[PDB]
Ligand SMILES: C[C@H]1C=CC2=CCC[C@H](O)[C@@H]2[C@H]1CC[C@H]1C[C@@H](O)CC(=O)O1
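Just the one chain here, the form deposited without this ligand, laid out as structure tokens.
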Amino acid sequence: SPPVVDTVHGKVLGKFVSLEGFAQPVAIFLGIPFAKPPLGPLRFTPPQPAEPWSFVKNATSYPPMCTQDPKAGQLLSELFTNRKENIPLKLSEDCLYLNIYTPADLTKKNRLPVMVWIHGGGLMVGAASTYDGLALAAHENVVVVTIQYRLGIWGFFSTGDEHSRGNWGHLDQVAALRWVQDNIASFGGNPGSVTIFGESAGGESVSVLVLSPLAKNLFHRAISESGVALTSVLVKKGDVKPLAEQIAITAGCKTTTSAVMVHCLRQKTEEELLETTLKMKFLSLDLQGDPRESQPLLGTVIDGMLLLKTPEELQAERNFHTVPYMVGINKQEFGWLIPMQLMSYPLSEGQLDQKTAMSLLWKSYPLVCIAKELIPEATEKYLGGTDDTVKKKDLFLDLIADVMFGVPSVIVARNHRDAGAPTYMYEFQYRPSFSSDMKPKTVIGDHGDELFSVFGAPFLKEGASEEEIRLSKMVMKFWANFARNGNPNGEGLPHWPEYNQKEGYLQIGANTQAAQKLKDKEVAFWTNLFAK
């Protein structure tokens, strides 16, 4: 007796899964289309409503993930999946689907809080199917929705004008949120209480939706995990046309006009555009050439529809959605994963000098926009204290991590607090046992380590210790409490203080205690240095 739900566009057929320790099973719906496939002429256009179907659609198979680099996507899913076994996925330009995990009795009337997950991957890779919402939904009684969006060229190609504005992935996210508003009541969810949360590029997308006016009334709480829009690498500011012309030339198109480029790209096949994507070599640090010329990836643009101004100007004007907002970072954002596995840094030597540190900080211009004159001052600020190079390598990693994640997050939290909205901050400092054997094991709080506690990995995977299980339960309860109340606090949990003029935050880990003034001196130093 599988569950059957009746959405506006038709009826879907689900699947009951049972989690240990819970009598009620969770209804799971894999691959619900929230938008019309963006194929052919619809490429590089805003998403359109899905066409209604006539008979019950089977929703028990994982959808394809958006076309991307298969190796990088597979590696990212393996690294970030909370299920015991990694599920293979198929690439497709038809990828605008979402997965629903609802623990509600679909027979009765239920209004549960809805948490919508946005996956990371630098806006280039990633899949919604990587994350299983069975444990979180079962434990916390929330409806978990994991959405997909266009990536890479398909999602963020822009000519800088009205012919290809860009920001197609964020428009897909807005369309998915509208779908949730329209249909989540049939799955037991409460559309009047929707929380968006994401990690890395997902956190940047969450921040963008907080800034965007297109997303008004589509959510009520927000969580940013290791990502904000102030992160310079993802938000593309300046002249966007040189990158479009480079992409078009690589694809083999004429660059006479924006319309000509867009038309010629719309005629390309999926394989040709994926070959162009591989040729461009995104998400790879360029060891040779001028650092400022290299482009790490395609990303958000100030197109005039999704974002009217830059995030800095909008935050200055207080022109954003004033919802309860949670912003947090991991203790070592740049410890192992991003440098070694994701972008193949040359720091495998284990020793870093002052000269090599300055050279590598200049080579890292795309990630961190530091002018060459400011490089020596930063490198002396961080690496100057210690003489041994072993510690200096860790200090260089800390220097990169602060600029990329820590200062922007604290600045965004301060601006959100000043606008009068409730703000909460945390710093996750813990090393999951599910980590790769490649990690040196000196890394605690690597990028994405809080994902295994947010989605209840200890209950889906094997070999967790008791403290890890308790940490997962505590983090899931904090997230669900924030989703339903806009305030993470609850009974049986350590007190999480609100981020205010005291700047209190929570240090999440083996020992969970409150602290104050997160990244205060780092923020001060980098703010002074950049204004130089």
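One rule holds for the numbers: they count along the sequence shown, beginning at 1.
Omitted here: the form solved in complex with this ligand. The next part is about that form.
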Consider the chain as shown here, without its partner, and state which of 440, 385, 420, 88 has a heavy atom within 4.5 Å of this ligand in the deposited bound form.
440
Using a 4.5 Å cut on heavy atoms, which of 335, 188, 328, 113 is close to this ligand in the deposited bound form?
335
Do residue 350 and this ligand share at least one heavy atom pair within 4.5 Å in the deposited bound form?
yes
At 4.5 Å between heavy atoms, is residue 220 in contact with this ligand in the deposited bound form?
no
Classify residue 165 as contacting or not contacting this ligand in the deposited bound form by the rule of any non-hydrogen atom within 4.5 angstroms, answering yes or no.
no
May I ask you to check whether residue 305 falls inside a 4.5 Å heavy atom distance of this ligand in the deposited bound form?
no
In the deposited bound form, segment of 336 to 344, 170 to 178, 453 to 461, 320 to 328 with a heavy atom within 4.5 Å of this ligand:
336 to 344
Any residue of 376 to 396 that, in the deposited bound form, places a heavy atom within 4.5 Å of this ligand
393
